[PDB]
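I have placed the structure first, in the form of structure tokens, so that the comments after it can refer back to it.
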DNA sequence: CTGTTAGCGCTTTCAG
DNA sequence: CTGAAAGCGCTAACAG
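Residue numbers (PDB author numbering), protein chains in the order written: chain T, 2 to 88; chain L, 2 to 88; chain C, 1 to 332; chain G, 1 to 332.
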């Protein structure tokens, strides 16, 4: 349901990394939203995510909530890791 | 009917410059020909011109043969310099 | 291949109104009878025809995109931005280079609409009054991406090249700079004249340092315009203490020509760029720059166009996107 | 509504077949009528829908073009030469990035094919065996660009990578080089193991200047990898007086790399890249790089393909466009 | 669920 | 030269 990472990639949550993340988080029924610096947005939306302006070293919180909620987290954690934007 | 030019443009007869010389010789019915290093190619074939690899400094002969030869020659002169490839 | 939908209707021994359903994951169709048909489908080699459907349903699931030049890194990344998203949303795109010249944009826009697109992503550096007369006549959604629009009449996507102008320069004022020059691109270009210089300017008047009209030296966006813009600015007079460049490829020239005369970039003259393209790290003292996410613009642009094409009323047809400063080592 | 073929039929008072023949500009339809129709046409503002006509004619006048990454300098230029010529030939180009990865290339092919293209410019960094299989069974022509596959079963455009490399090393060998290394892209991709390393190797065993498998360091194609491939190679016992980088960006990362370490690129160790993208100029010692005509590959890759679609046949399905080097400051 | 009936907007053999 | 049906393959109302 929840997890906090720190983007350590120099592009932050941008370009492909963010699409591959949303995409990665757009294949789950459970809800999912990314929060940061006060704003919270649907982590399933490309307009939402790229609004935040998340730069490197930024801290973010991913929250999933639904029947898939469980795996929802493992999945995005991996992609955060293997796509190497957040660890 | 024809002329000999000193291709002086850094990229020679390549890329965008080249793709135009091959367009302009296609707007005229006459038979246009380009010889370089002793081999000849239809000034209207992109696959022919592009495959010679004319470098800056090469000497090429553009030749027109037909009803509108002049319009074209007077034409592949303007283009040549408006695109700065030869003299 | 030629085994049409009807050919399959036989193997599956069902109608065609039915394979039509299986093919598109339709509203209800027995799991056994659906995987029964979809079964004999692959058996053959049937390939649904996207043109037959286009016709029968007045939608092609293909957008048309018109950028100046996919050869220049700027657009290409922007283009990448669009493609990944159109694909994410099962859309094919049609790409065409206009080269910023007035006619092609309209020709293309015609061939485009003529080719039955489902939406258009247009991008140019000077969106003429005619373009809007033009673009507003289209029969499908249209959005600009990082494209200079005036009446904010047709949906656009971008970052305040004005603020980003101000924010960037301010950084320089805050450090003790009274003599800060400005290099830029073609003056007949909105991004420049319209927002670039505007930002730069007010930046100074806001701090009390009216600016020498000459201090706005410009040139074509290459590395050539760099050693060019430098040499001129330097020797000329006053020998500014800091520069600001309208892009990154120029900022580079700004940096070498400054090292050529003899100055020290990190120190003597602090430079700063706009865009922050790959090359922003590929230089002597890495160039501090104002971040412009060309990929998010394109990504977003396409996404907006996605809503419109799916009729959802996602308002705020004017989208701004966070820009930012990245000081690597260039600016003390 | 939007306007039909039948519409012009009334306003021109001719038959839909007459209207069709002028839009198509087919031979013979008296100048008297061909004229009448054309007015009824541009005044009524007709625009024929390419979809309806596709179905009718089995031709869409548009080609698919799988491509690794359009954002990347190398393919962006390749994709412009293509488009450039596809326009010249009245062809529209559908386009989707594949990411060099084997499964996408195969999904794009059917999405493309079913979309009904009329040709396919395929281009990858690693043609597979199953690759030539589905390509040979495609309904429409095809040709590879800046891509190479063994058997030569498919039409194609490309450069002599073996010689292209061998000449680079040679330029050095003859100069007084015994120790020269090779920083390269992914060795698991044929462009590297099959022709790049071979070229490099032979060049040495040719002048009888043997090779330590160590000197062949592998990076990705990133600027950083270039900084990493030099520091590794400088961390060698007997350091190489010269290197050969399989890319210009990579080579840019090798140059700065040595500089940030303590060597001044020209003297301490000469560096020669490959491709000759604009970048070569943007570097301190302007980068000497083997030249590859990116625009020409696509230009030619596409024009060739027009021959095959346009039924004409000309012999040379395996074109090798010439190469050469450009000695800048980076080395002698 | 699933058929059935019509075309979508062009282009084409053929005819005259 | 220039009409005249005959549909390209599909999907879309609407039955059943």
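Just so it is clear, CB atoms sit at the ideal spot from N, CA and C, and this is done for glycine as well.
Helix, strand or coil at residue i according to DSSP, with G and I counted as helix
i              : result
residue 45(T)  : coil
residue 167(G) : helix
residue 292(G) : coil
residue 110(C) : helix
residue 35(G)  : helix
residue 158(C) : strand
residue 248(C) : helix
residue 271(C) : coil
residue 253(C) : helix
residue 218(C) : strand
residue 25(G)  : coil
residue 87(T)  : strand
residue 184(G) : strand
residue 5(G)   : helix
Chain C within 8 Å of residue i, Cβ atoms only
i              : result
residue 16(T)  : yes
residue 47(G)  : yes
residue 116(G) : yes
residue 208(G) : no
residue 54(T)  : yes
residue 33(T)  : no
residue 40(G)  : no
residue 81(T)  : no
Min CB distance residue i to chain G below 8 Å
i              : result
residue 308(C) : no
residue 221(C) : no
residue 63(L)  : no
residue 1(L)   : Outside the displayed span of chain L (2 to 88) sits residue 1(L), for which this structure offers no information.
residue 3(L)   : no
residue 284(C) : yes
residue 51(C)  : yes
residue 71(C)  : yes
residue 77(C)  : yes
Chain L contact for residue i (CB, 8 Å cutoff)
i              : result
residue 319(G) : yes
residue 300(G) : yes
residue 304(G) : yes
beta-carbon residue i near the ligand SAM non-hydrogen atom, thresh 7 Å
i             : result
residue 23(C) : This structure lacks the ligand SAM, and indeed carries no ligand of any kind.
Assigned exposure category for residue i - 16 Cβ within 10 Å defines buried
i              : result
residue 253(C) : buried
residue 250(G) : buried
residue 221(G) : buried
residue 177(G) : buried
residue 314(G) : exposed
residue 18(G)  : buried
residue 80(C)  : buried
residue 43(C)  : exposed
residue 20(T)  : buried
residue 107(G) : exposed
residue 155(C) : buried
residue 149(G) : buried
residue 329(C) : exposed
residue 225(C) : buried
Contact set for residue i: own chain, Cβ-Cβ below 6 Å, skip 5 residues either direction
i              : result
residue 187(G) : 193 and 218
residue 81(T)  : 6 and 87
residue 266(G) : 285
Neighbour flag for residue i against chain T, beta carbons, 8 Å
i              : result
residue 141(C) : no
residue 295(C) : yes
residue 85(C)  : yes
Same chain, Cβ closer than 7 Å to residue i, five either side skipped, listed in chain order
i             : result
residue 66(T) : 2, 31 and 32
residue 1(C)  : 45 and 47
residue 75(C) : 67, 68 and 69
Bridge-paired residues (DSSP) for residue i
i              : result
residue 142(C) : 120(C)
residue 64(C)  : 94(C) and 120(C)
residue 34(T)  : 43(T) and 64(T)
residue 318(G) : 156(G)
residue 326(C) : 289(C)
Own chain partners of residue i with C-beta closer than 8 Å, once the 5 adjacent residues on each side are dropped
i             : result
residue 61(L) : 5, 6, 8, 14, 35, 36, 37, 55 and 87
residue 51(G) : none
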